[PDB]
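Below is one structure, written out as structure tokens; the observations come after it.
Protein chains: 2
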Amino acid sequence: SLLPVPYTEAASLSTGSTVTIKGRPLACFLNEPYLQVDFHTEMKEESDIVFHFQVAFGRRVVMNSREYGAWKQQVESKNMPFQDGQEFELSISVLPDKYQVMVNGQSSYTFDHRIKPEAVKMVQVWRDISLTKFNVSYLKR
Amino acid sequence: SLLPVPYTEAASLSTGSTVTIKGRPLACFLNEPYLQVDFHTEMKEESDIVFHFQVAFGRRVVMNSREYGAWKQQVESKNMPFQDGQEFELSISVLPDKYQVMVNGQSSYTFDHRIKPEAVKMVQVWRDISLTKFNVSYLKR
Numbered sequence: 048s049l050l051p052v053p054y055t056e057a058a059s060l061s062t063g064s065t066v067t068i069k070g071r072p073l074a075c076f077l078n079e080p081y082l083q084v085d086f087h088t089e090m091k092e093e094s095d096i097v098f099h100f101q102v103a104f105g106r107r108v109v110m111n112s113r114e115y116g117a118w119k120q121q122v123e124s125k126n127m128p129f130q131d132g133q134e135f136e137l138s139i140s141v142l143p144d145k146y147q148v149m150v151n152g153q154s155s156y157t158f159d160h161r162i163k164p165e166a167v168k169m170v171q172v173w174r175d176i177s178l179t180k181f182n183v184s185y186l187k188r
Numbered sequence: 048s049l050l051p052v053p054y055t056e057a058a059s060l061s062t063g064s065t066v067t068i069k070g071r072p073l074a075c076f077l078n079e080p081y082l083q084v085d086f087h088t089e090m091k092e093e094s095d096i097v098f099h100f101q102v103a104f105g106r107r108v109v110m111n112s113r114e115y116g117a118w119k120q121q122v123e124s125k126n127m128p129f130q131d132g133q134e135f136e137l138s139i140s141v142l143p144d145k146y147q148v149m150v151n152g153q154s155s156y157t158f159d160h161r162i163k164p165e166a167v168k169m170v171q172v173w174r175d176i177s178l179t180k181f182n183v184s185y186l187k188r
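Residue numbers (the numbering used here), protein chains in the order written: chain A, 48 to 188; chain B, 48 to 188.
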């Protein structure tokens, strides 16, 4: 749709920051589309990833970090609030101890900080979605 | 780039048909981009897939068919002629007994027919690539 995918935005995060993403899968769930959201330590795509959030629509979600080039301990969830063929609203909130992921207003995943969120310099949203809204909030000290 | 992705084209295939695809991955191999090519029995995206060809760039290729809604026997290859960061040329030729997949001119995969190629009505090319060329040949009887 309107925002380019892959979508890259320079970003800073700290406690109280919220990343809001509105989009739609590009395929029916039977065809197994994916969504990926990566919080990077540099603007370069090969940089470390403080928070990796990857949705296999209709199947599972995997979360991880990539530290000094290497993937760490994978967290796998079978929670699937995303609905086949529907637009979704994703909210990722930076809490003192973890990221909290809301899907269509419902708390759906959390991921404890492995690297301080202040290390983030960039957010990338990609794979099989169209994007109509992307926002990072900057209201807190 | 120039062709829209996901890319869908109505198509017919028989012995001697060649499907030629030129494109580039949208991410470095470290970020594990994908490429998928599906030969469908109808224009509808949920239709059966006579040949499913899915490249996890830098990792593996999986091939399968989806018959009456259900995936059949997966074939997994670790052959990886695709080069990190490079444009690729993919050629899929319909032989009497199998599809033959050429990558940058080199024979790289084959897949025996499970459903007659005459059942194909549509080709879809999608996942994390840009596309500059797509052609189906129609020169043979």
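Just so it is clear, CB atoms sit at the ideal spot from N, CA and C, and this is done for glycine as well.
In the same chain as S94 (chain B), and ignoring 5 residues on each side of it, the C-beta atoms closer than 7 Å to its own belong to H87 and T88, in chain order. Within chain B, no C-beta atom comes nearer than 9 Å to that of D95 (chain A); the closest sits roughly 11 Å away.
Not a single unbroken stretch of the alpha helix (DSSP H) spanning 4 or more residues falls wholly within the segment 57-120 of chain B. If you look at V148 (chain A), you'll find it in the beta strand (DSSP E) that goes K145 to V150. For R174 (chain B), DSSP records a beta bridge to B:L82. Under the three-state reduction of DSSP output, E136 (chain B) falls in the strand class.
Per DSSP, the beta-bridge partners of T55 (chain A) are A:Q171. Under the criterion of beta carbons closer than 8 Å, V183 (chain B) and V109 (chain B) do not qualify as touching, at roughly 23 Å.
Contacts with chain A at 7 Å (Cβ-Cβ) include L77 (chain B).
Approximately 5 Å separates the beta-carbon atoms of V141 (chain B) and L60 (chain B); this is inside 8 Å, confirming the contact. Using a 10 angstroms sphere on the CB of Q83 (chain B), the tally of other CB atoms reaches 16 or more, which defines it as buried. Where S154 (chain A) is concerned, the enclosing beta strand (DSSP E) starts and stops at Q153 to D159. At least one CB atom of chain B sits nearer than 7 Å to the CB of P53 (chain A).
Where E123 (chain A) is concerned, the enclosing beta strand (DSSP E) starts and stops at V122 to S124. Taking a contact to require three or more Cβ pairs closer than 8 Å, the segment 165-180 of chain A and the segment 131-148 of chain B do not qualify as touching.
At least one C-beta of chain B is nearer than 7 Å to the C-beta of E92 (chain A). Rounded to whole angstroms, the gap between the alpha carbons of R174 (chain B) and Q171 (chain A) is 16 Å.
Proximity of chain B to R107 (chain A) at the Cβ level (cut-off 9 Å) is not reached, the minimal Cβ distance being about 16 Å. By the neighbour-count criterion, in which a residue is buried when 16 or more other Cβ atoms sit within 10 angstroms of its Cβ, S64 (chain A) is buried. In this structure, the straight-line span from the alpha carbon of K125 (chain B) to that of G116 (chain A) is close to 22 Å.
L73 (chain A) belongs to the set of residues whose beta carbon lies under 7 Å from a beta carbon in chain B. Between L50 (chain A) and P53 (chain B), the gap from beta carbon to beta carbon reaches 7 Å or more.
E92 (chain B) and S154 (chain A) have their C-alpha atoms some 31 Å from each other. Rounded to the nearest whole angstrom, the C-alpha separation of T179 (chain A) and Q101 (chain A) is 19 Å. Straight-line measurement puts the Cα of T62 (chain A) at about 44 Å from the Cα of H99 (chain B). In this structure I68 (chain B) does not touch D85 (chain B) by the C-beta definition: roughly 12 Å separates them, more than the 8 Å allowed. The C-beta distance from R71 (chain A) to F135 (chain A) rounds to 7 Å, short enough to meet the 8 Å contact threshold. When the Cα atoms are used, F76 (chain A) and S177 (chain A) turn out to be separated by approximately 15 Å.
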